[PDB]
Number of protein chains: 2
Amino acid sequence: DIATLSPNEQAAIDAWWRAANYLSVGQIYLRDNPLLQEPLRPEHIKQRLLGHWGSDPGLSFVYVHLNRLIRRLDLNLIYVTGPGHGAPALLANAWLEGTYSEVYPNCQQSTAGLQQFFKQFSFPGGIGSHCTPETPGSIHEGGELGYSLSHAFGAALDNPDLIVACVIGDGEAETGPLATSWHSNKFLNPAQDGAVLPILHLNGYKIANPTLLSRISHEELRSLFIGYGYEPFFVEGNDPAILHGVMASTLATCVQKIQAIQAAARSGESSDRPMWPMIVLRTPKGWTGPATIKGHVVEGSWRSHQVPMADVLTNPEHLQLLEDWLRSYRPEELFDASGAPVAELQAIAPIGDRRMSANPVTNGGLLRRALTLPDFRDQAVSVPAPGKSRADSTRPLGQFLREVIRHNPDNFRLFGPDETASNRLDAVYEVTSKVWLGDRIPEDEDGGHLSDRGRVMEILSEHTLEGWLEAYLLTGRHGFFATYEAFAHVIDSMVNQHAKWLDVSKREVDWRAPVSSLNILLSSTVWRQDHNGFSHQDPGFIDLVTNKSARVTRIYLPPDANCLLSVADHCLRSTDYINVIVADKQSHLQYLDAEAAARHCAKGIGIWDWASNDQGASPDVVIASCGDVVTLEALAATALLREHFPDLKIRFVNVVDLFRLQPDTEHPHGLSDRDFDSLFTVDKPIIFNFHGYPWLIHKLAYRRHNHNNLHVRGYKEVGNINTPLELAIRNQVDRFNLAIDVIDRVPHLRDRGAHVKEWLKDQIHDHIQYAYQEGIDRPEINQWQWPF
Amino acid sequence: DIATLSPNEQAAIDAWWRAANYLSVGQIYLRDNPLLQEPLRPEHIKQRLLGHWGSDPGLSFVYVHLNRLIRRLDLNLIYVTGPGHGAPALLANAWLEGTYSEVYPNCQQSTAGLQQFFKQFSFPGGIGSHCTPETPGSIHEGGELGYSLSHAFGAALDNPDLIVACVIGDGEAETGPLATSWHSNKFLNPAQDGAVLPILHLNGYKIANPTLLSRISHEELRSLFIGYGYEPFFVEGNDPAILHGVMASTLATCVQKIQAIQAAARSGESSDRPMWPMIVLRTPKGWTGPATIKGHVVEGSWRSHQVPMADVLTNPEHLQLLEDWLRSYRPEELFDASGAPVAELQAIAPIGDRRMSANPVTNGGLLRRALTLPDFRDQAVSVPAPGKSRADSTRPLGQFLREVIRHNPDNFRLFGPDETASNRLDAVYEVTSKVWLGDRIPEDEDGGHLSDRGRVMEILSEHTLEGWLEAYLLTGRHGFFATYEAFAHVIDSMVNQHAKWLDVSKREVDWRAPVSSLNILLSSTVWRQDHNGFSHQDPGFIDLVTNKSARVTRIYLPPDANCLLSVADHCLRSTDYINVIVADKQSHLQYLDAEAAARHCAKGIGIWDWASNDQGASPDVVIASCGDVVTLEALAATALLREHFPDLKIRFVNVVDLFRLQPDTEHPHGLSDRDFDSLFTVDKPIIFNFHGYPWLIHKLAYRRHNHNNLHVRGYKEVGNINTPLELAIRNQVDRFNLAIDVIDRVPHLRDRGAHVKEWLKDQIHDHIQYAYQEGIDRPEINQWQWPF
Ligand SMILES: Cc1ncc(C[n+]2csc(CCOP(=O)(O)OP(=O)(O)O)c2C)c(N)n1
Ligand SMILES: Cc1ncc(C[n+]2csc(CCOP(=O)(O)OP(=O)(O)O)c2C)c(N)n1
Ligand SMILES: [Mg+2]
Ligand SMILES: [Mg+2]
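Judging from the entry metadata, cryo-EM is the method by which this structure was determined, and 2.86 Å is the reported resolution.

Looking at the PDB entry, chain A carries the name Probable phosphoketolase, with the source organism given as Synechococcus elongatus. This deposition appears in the PDB under the title "Cryo-EM structure of cyanobacteria phosphoketolase in dodecameric assembly".

Below, the structure is given as structure tokens:
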């Protein structure tokens, strides 16, 4: 009898649904007089109205039904919100359940607390309109549309008993990130993971246009959602008496299929991809609000979004209509004299930790356990001489990630857009394979590593790929993202959303516990110009990350394999940061030992003693490199200068942590003025060789005393197709161009070095001519190693 | 008998198909000996192999069939390429048709030209691997995957007889932008536009993973593409004798339905959305290449993508296998002694302008006609006194765009993410409405402006929306894009792709004719904090545009309505630039007359004489503003300083064109050093008030002499919910914060202005306290106007 509902409990469900809508309008409009004891007056209304109403009836409608289902079956839900502007619906339900009062004691369940609850919403010094981190039981901000469904799957990536209900707006569903995210049901594993129940709020209207998915036929819509792999269920109408029975029946129908699918998967009798249940709602937008106000339809139309009436203070007629709107819910029976909800509402509310707004999964920092990782020195390569031994840097990282997977079989996952095999990370394929959960052929078995059980996710859409990871970290787990640098502009919008969440959670919100860090690995940098990716790769993703504050994002550019392992080991321990690691796939030199890499990453920036020419004397020039390809050119430039100018004294500085360049005033993590002056001399010129746009270094080191003597060579532009050496010539980061620049800046080499500067220009022209004749660099260029 | 094919012509089609694959492998591998007259030797092979082979057989297979269909029905095709790495297939067909020889006389149809044709591909000083602007008959760069289908629809937005064939890779269909772009059939109007025939290359494998759409069932795949609204047709197998007959039959089936749909729409008897034809190909990836090389399957698998064999020079066995691969096409019969294609291939090639690689639509600059622009002074607002009259700035722009629509009914369109009504641009709705081509209700008629015929497209997904515009401009037409600034990070990847195309077309390619400019309008800036959008809006889109060269992007920030019209009028005339216009939706002051706005936009940056305090004397401080909200604060700061310091001399400078700040050496458009020193004094401090990140101004004006005296206030961070005045206080761009800053920088006000600086801090505290109690700014703040 779960599908059917008793008539008596339907009134209590409707009473909860009315109370949620009453509180929703109250915080949108009312500033004082919460219970309408006295007649409404303009001083009780907020001056500026930024709340959103269009999604509020739908979210409150689903939420109360879920509380009914969570009482009987003793489930656990999260309720990630799609539209994101339906926060009044969530906060009203959180207040009714008592969760909001416990989190915020000021908003007590009383008449005075109700006045404070309405006052704080959409107000200066108060909670925001969207689903902010201050909102209890929320992981998805929802301000940017299209990432809600991916966050639903990410929260259930390793929780078997968890159930996630994601409400999808029809205006949101046409977005590119949400169009692909439906296919994520295939990669979800029913045996070891929870079930996500998507709900489509097909209200029919956007802010100003009819929705695309409501203006298609019912047959075409059913065809479309069958192709996505979901079992479609349709709930239509606008009569609450009909809608309560139908929607409760459909919810009971879907959850039993969800339990049937999970039980069949864990039993192993049905090892195949099932069509997951899904619910479609055709309820009109704002169907519990005013119908017609100014001669136009305000219910079930685009006019129902965020504004029932434009002006209330100016026009007393609208205020009278507003007062009648609040009276339509009959608030007198819903609340007592004290202002608390009546005993009918208290009984039907979930009790204890089972409350969806109080689920520990949403506040994943409490659920988070520290990652158990082995020592990286076991997987580090051995270097007898720095700069003379050549080995690929991807293999040590792949082995290290494999060891973490075995030691952390549940709370760790790896994400890659078909570049895990490309980036030579096949070491993790030894123990675990990628998860596909589809039809397989024996040709696939020999070729690709695919299985139903796996810890590596695979999809080309980086939108849904990063959406899985962001929710995975906010749930309390740990993850790692590896991709090309060329396609990092795709996730540009999503990173800013996640950086916004961490910034508010760390500072403004006090009850939010810290979650794991966001580790993004960028491979195949713009300098090598690999076969994949467009010809004009852009390293501009590093710049937009630096636009975010240094207290939420960290950028690391390790030169070699050992320094890559130390960065990867250190970043897996951090909590409230976004870690961007830029390493190159191609085989390179190795400069640091396993022990020396740890010391280097501890400081972040340090002098390389073997590369440095003279110690105990003031250097004539400071040569600095940041990336790994440009580090080789910086080292090769040092070899040429030391060969042709024996008396020249060169200090070599390598920077791994970019934000160390920022002064100590900007952030405590940055180097102090005395520390910076020790590394880079106060007066001698600095020849910085930066991977990426050369101006980014000037932004960080602007406040430094020696900024005027800082010279940066970096990425400027790329030709259609170029050799690795001649691409550096175009951007003037080649070994010869750096050596030319050092001659110019050093005061006593501008006259002595004229012959050498002429010789270097001959080498530039000679190598370019050989590149045009043969198409490949000279053998002594590719096989270069540190002379001394 | 169009569906069936004669056996004799099938051999000629196969002969063309073999020749295309032979030329495809030749340019990938061979550097010399194009016709294999002598046995193959390693010096004939390219040293580094950056070509991709996996998509090449499929593209050549479709192209030769299309040439068959274009001969009989006398159609016109474009063949936008999805994978983008199938450029060898395109260039081979272009060379065979003779188009490439005409465009590039060096690559003549001869043995010597064949040697040059193979040599130039994937080589320094040669054509790139992807389909670049150098490729004849190409509009889509194809390096980024997911934007191909949108470019197919955009090229046919106003060409009625044009037919566009877009080949879609199955791996590309995993991308978010491609998943949404299927629904673009609904926005396409069959009556006045051409038909786009999408082809799905469902080969089953990506570079390293099986494709998602091949691992779904045939029934679910058919359900998915029915929901998109397309008529699905399936072509499967790997036998050329079978595949030639089936694929030619399906093409003839689809084109007649395309002609039936277009004829029915133009007759008006069938005014409904039809199911467009679509073709699905299950051919294995690289099914004409080697099968097994190193004990693994290299045909119809992920190994077929990119290069089939890793080493050729090192291993002579692979070179022998490579030689056998070239012999499998039997090149001796395909070419004569001179190296030209035989008379069998010449006869079946399209003749004249009908060649798809030589279609004038692809080189849209030739097709482009100058826009007929009505004088904007008719729609400009009237201002008797600058800074005292308040009027909304969106309405004059909407009227101006309406007039352009009537005067240019065919080659002009508007694009918005259902924000045109939000942007108060309903003036264009008077004459033309939005295009929907779906079911409609009388409620929609009163509320929304929807009709089958329209010039404004409105879909929320900016990926497909911006993709429509890019192809529209490359076709030779004109357009205008309007959207919010908060969601400009969505089109971040797409803008860099378009700027790459224009930069190469401007300099490297000489036969490319100039096309229309890309005009993007950004509204609802971060300062107003409208109801829509997330609370933490980011103006970072301005910064990433500036990362690209100043010779391809222009950024305009007009302060008022008249300056907005002059910018919009001027940018509709420009050709090879990306124009980003940042104006604010909210009602503001007006500072410039219709005539004075034209003079202001002519210079780009100019002194405002009425705002300037003293003329004929050296100013004590230069106050500069860039945006429109920050311009009001800069003006209000000037009013306070002139009120409290009568002796103070203030010069007010407003900048509209951002790149004018760059020195003349960086670009000829930038101001000279003497011009910059006239505007901004060489020694007096400059208080710059910039909309967006404050460091962008330092990047542009870094090389200036007076850069050290430049002080920029701009966007730093935004709270959860703030009033417009309080948000400026936190970012220190408020009128009081600017007035405080002027007191600090001016040497003779640091002592005299201590009392005034104390008074200003009281005003900051007072307004914040009023904001917290009331939630709205004081009435005199909102109704401020210029006193003098
Ligand atoms: C990509 C993008 N386009 C537009 C917006 C602006 N926006 C914010 S909320 C909203 C309404 C979405 O409508 P729908 O998904 O139907 O939700 P409903 O309110 O009807 O439940 C829009 C257009 C946005 N945030 N992101
Ligand atoms: C968004 C994105 N993800 C990944 C890549 C890298 N990439 C370039 S080509 C390619 C292969 C996918 O091509 P597919 O659509 O399978 O084409 P087909 O081989 O069938 O022609 C990949 C993954 C990219 N360019 N863009
Ligand atoms: Mg809607
Ligand atoms: Mg493929």
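There is more to say after this.
Trainee: Just checking my understanding: could you explain the relation of the copies chain A and chain B for this structure?
Mentor: What relates the pair of chain copies is a rotation about an axis plus a shift along that axis. In the superposition of chain A on chain B (RMSD 0.1 Å, axial shift 0.0 Å), the rotation amounts to 180°. Those values place the two copies in the arrangement expected of a two-fold rotation axis. It is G176 of chain A whose C-alpha, among those of chain A, lies nearest the rotation axis, at 1.9 Å. Taken together, the interface assignments show that 97% of the residues at the interface of chain A recur at the interface of chain B, consistent with an identical surface on both copies.

Trainee: Help me understand the site of ligand 1, please; the structure alone is not making it clear to me.
Mentor: Taken together, 18 residues lie around ligand 1, and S55, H85, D170, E172 and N203 of chain A are the ones closest in. Ligand 1 sits at a junction of chains, with neighbouring residues supplied by chains A and B. The contact in question runs from a nitrogen atom of ligand 1 to an N or O atom on the backbone of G143 of chain A, over 3.4 Å. The backbone of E172 of chain A places a nitrogen or oxygen atom 2.6 Å from an oxygen atom of ligand 1. Against a free-state accessible area of 600 Å², the protein chains account for coverage of 98% of ligand 1. Broken down by element, the shell around ligand 1 gets its largest block of residues, three residues, from helix α7 (residues 170-173) of chain A. Of the residues that constitute the shell around ligand 1, the class distribution is six nonpolar, eight polar and four charged.

Trainee: What should I look at first to understand the coordination of the magnesium ion (ligand 4) in this one?
Mentor: Any two of four tetrahedral donors ideally make an angle of 109.5 degrees at the metal, while pairs among six octahedral donors ideally make 90 or 180 degrees. Residues and elements named next belong to chain B. The coordination sphere of the magnesium ion (ligand 4) contains the protein donors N203 (OD1) and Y205 (O), at a distance range of 2.4 to 2.5 Å. Its relative accessible area of 9% is what places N203 among the buried residues. You can call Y205 buried: its relative accessible area is 5%.

Trainee: For this particular structure, what's the right way to read the coordination of the magnesium ion (ligand 3)?
Mentor: Residue and element names in this part refer to chain A. The magnesium ion (ligand 3) binds to the protein through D170 (OD), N203 (OD1), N203 (ND2) and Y205 (O); the donor distances cover 2.2 to 2.7 Å. Here the magnesium ion (ligand 3) binds six donor atoms, and the angle range of 53 to 137° at the metal identifies the geometry as irregular. Counting along the primary sequence, the residues that act as donors to the magnesium ion (ligand 3) give the motif D-x32-N-x1-Y. Here the residue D170 occupies a position in helix α7, and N203 occupies one in the loop between β3 (195-201) and α10 (218-227), the gap between them amounting to 33 residues. Classification of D170 as buried rests on a relative accessible area of 2%.

Trainee: How should I be thinking about the state of the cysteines in this particular structure?
Mentor: All names here are of chain A. One pass over the structure, following the stated rule, counts zero disulfides over all chains. This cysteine, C571, is not joined by any disulfide, and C601 carries the nearest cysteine sulfur, 8.5 Å off. Judged by its relative accessible area of 1%, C571 is buried. In this structure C601 is a free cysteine whose sulfur lies 3.6 Å from that of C563, the closest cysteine sulfur available.

Trainee: Would you mind showing me how to read the sheet that holds strand β17 (residues 621-625) of chain A here?
Mentor: Adjacent strands of a sheet pair through backbone hydrogen bonds, lying either parallel or antiparallel. Residue and element names in this part refer to chain A. One open sheet holds the five strands; their spatial order is β16-β18-β17-β19-β20, and the pairing between them is mixed. Two strands close off the open sheet at either side, each with one partner strand: β16 (605-607) and β20 (710-713). Direction aside, the axes of adjacent strands within the sheet are offset by 20° on average. Here strand β19 (residues 686-689) runs beside β20; their pairing, made up of four bridges, is parallel. Bridge pairing in β20 links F688 to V712. Lying over the sheet, helix α27 (residues 735-745) contacts β17, β19 and β20, oriented at roughly 160° with respect to β19.

Trainee: Just to check I follow, could you spell out the sheet that holds strand β3 (residues 230-235) of chain B for this structure?
Mentor: Residues and elements named next belong to chain B. One open sheet holds the four strands; their spatial order is β1-β2-β4-β3, and the pairing between them is parallel. With partners counted over all chains shown, the strands left at the sheet margins are β1 (163-169) and β3, one partner each. In this sheet, neighbouring strand axes are inclined to one another by 25° on average, regardless of whether the strands run parallel or antiparallel. Direction of pairing for β1 relative to strand β2 (residues 195-201): parallel, over a ladder of seven bridges. The partner of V164 across the bridge, within β2, is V196. Across the sheet, helix α9 (residues 218-227) touches β2, β3 and β4 (276-281), and the angle it forms with β3 is around 145°.

Trainee: Sorry if this is basic, but what is going on with the site of ligand 2 here?
Mentor: Residue and element names in this part refer to chain B. Around ligand 2, 19 residues are found, and the nearest of them are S55, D170, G171, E172 and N203. Here an oxygen atom of ligand 2 and a side-chain polar atom of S55 are 2.3 Å apart. Contact between ligand 2 and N203: an oxygen atom at 2.4 Å from a side-chain N or O atom of the residue. Burial of ligand 2 by the surrounding chains reaches 97%, relative to a free accessible area of 610 Å². Of the residues that constitute the shell around ligand 2, the class distribution is six nonpolar, nine polar and four charged.

Trainee: Explanation requested: the pairing of strand β2 (residues 163-169) of chain A in the structure shown.
Mentor: Consecutive residues of a regular strand have side chains that alternate between opposite faces of the sheet. The buried count for β2 of chain A comes to seven of seven residues, which makes it a mostly enclosed element. Neither face of β2 of chain A is open: one carries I163, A165, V167 and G169 of chain A, the other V164, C166 and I168 of chain A, and all of them are buried.

Trainee: Honestly, the side chain of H588 of chain B in this entry has me stumped. Any pointers?
Mentor: All names here are of chain B. By secondary structure assignment, the location of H588 is in strand β14 (residues 588-589). Here the side chain of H588 touches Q586 through a polar contact of 3.0 Å, landing on its backbone oxygen. For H588, the residues in contact, after removing those within four places along its chain, are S389, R390, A391, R528 and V629.

Trainee: I tried to follow the pattern of salt bridges on my own but got confused; where do I start?
Mentor: All told, the structure shown has 70 salt bridges over all chains when counted by the stated rule. Between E333 of chain A and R330 of chain A there is a salt bridge; the shortest N-O distance is 2.4 Å. Assessed through its relative accessible area of 34%, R330 of chain A is described here as partly exposed. With a closest N to O distance of 3.2 Å, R573 of chain B and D569 of chain B form a salt bridge. Beyond isolated ion pairs, a larger network of salt bridges with shared partners links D158, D193, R413 and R455 of chain A.

Trainee: Looking at this structure, I do not really get the interface of chain A and chain B. What am I missing?
Mentor: For an interface, size is often stated in terms of accessible area lost upon the parts coming together. The interface is formed by 113 residues belonging to chain A together with 111 residues belonging to chain B. Of the roughly 9300 Å² buried between chain A and chain B on both sides combined, carbon and sulfur atoms contribute 56%. Linking chain A to chain B there are six salt bridges. A salt bridge links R273 of chain B to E220 of chain A, with the shortest nitrogen-to-oxygen separation between them at 2.7 Å. The interface formed by chain A and chain B includes 34 residue pairs in polar contact.

Trainee: What's the story with the environment of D628 of chain A in this structure? I'm lost.
Mentor: Residues and elements named next belong to chain A. In this structure, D628 sits in the loop between β17 and α23 (629-644). Here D628 falls in the buried class, since its relative accessible area comes to 4%. Between the C-alpha atom of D628 and that of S618, which follows or precedes it by ten residues, the distance is 26 Å. In terms of polar contacts, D628 uses its side chain to reach the backbone amide nitrogen of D584, at 2.9 Å.

Trainee: Explanation requested: the pairing of strand β14 (residues 578-582) of chain A in the structure shown.
Mentor: All names here are of chain A. Taken across its five residues, β14 has five buried, putting it largely inside the fold. Burial along β14 is two-sided: the face carrying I578, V580 and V582 and the face carrying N579 and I581 are both buried. The sheet contact formed by strand β12 (residues 518-523) and β14 spans five bridges and is parallel. When the sheet's bridge partners are listed, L521 is paired in β14 with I581. Relative to β14, strand β13 (residues 553-556) runs parallel, the two sharing four bridges.

Trainee: Quick question: what am I supposed to make of the packing of α27 of chain A against helix α28 (residues 754-774) of chain A here?
Mentor: In a packed pair of helices, the relevant descriptors are the angle between the two axes and the axis-to-axis distance. Residues and elements named next belong to chain A. The interhelical angle for the contact between α27 and α28, taken along N-to-C directions, is 160°, at an axis separation of 9 Å. Taken together, the axis directions place α27 and α28 in an arrangement best described as roughly antiparallel. As α27 runs across α28, the sense of the crossing is left-handed. Side by side, α27 and α28 meet where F736, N737, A739, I740, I743 and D744 of the first sit next to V756, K757, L760, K761, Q763, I764 and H767 of the second. Here the residues of the contact of α27 with α28 are counted per class, giving seven nonpolar, three polar and three charged.

Analysis parameters
- Residues numbered from 1 in each chain as written, not as in the entry; some residues may be left out.
- Chains lettered and ligands numbered in written order.
- Part of a larger assembly, values for the part shown.
- Heavy atoms only, no water.
- Least-squares fit on C-alpha atoms.
- Contact = heavy atoms within 4.5 Å.
- Near = heavy atom within 4 Å.
- Polar contact = N/O pair within 3.5 Å; in protein donor to acceptor, adjacent residues only side chain to side chain.
- Areas by Shrake-Rupley, 256 points an atom, 1.4 Å probe, with all protein chains shown as cover.
- Helix = DSSP H or I, 4+ residues; strand = E, 2+ residues; numbered from the N terminus.
- Nonpolar A, V, L, I, M, F, W, Y, C, P; charged D, E, K, R; others polar.
- Donors = N, O, S within 2.8 Å, 3.2 Å for Na, K, Ca; no water.
- Buried < 20%, exposed > 50% of the residue type's maximum accessible area, 1.4 Å probe, protein only.
- Tetrahedral: all angles 85-135°; square planar, octahedral: opposite > 155°, others 65-115°.
- Disulfide = S-S within 2.5 Å.
- Pairing = 2+ DSSP bridges.
- Axes fitted to C-alpha atoms, helices over the stretch in contact; angles between N-to-C directions.
- Salt bridge = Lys/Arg side-chain N within 4 Å of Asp/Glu carboxyl O.
- Buried area = accessible area lost by both parts, 1.4 Å probe.
- Parallel < 35°, antiparallel > 145°, perpendicular 65-115°, else oblique.
- Left-handed = near helix turned anticlockwise from the far one by under 90°.

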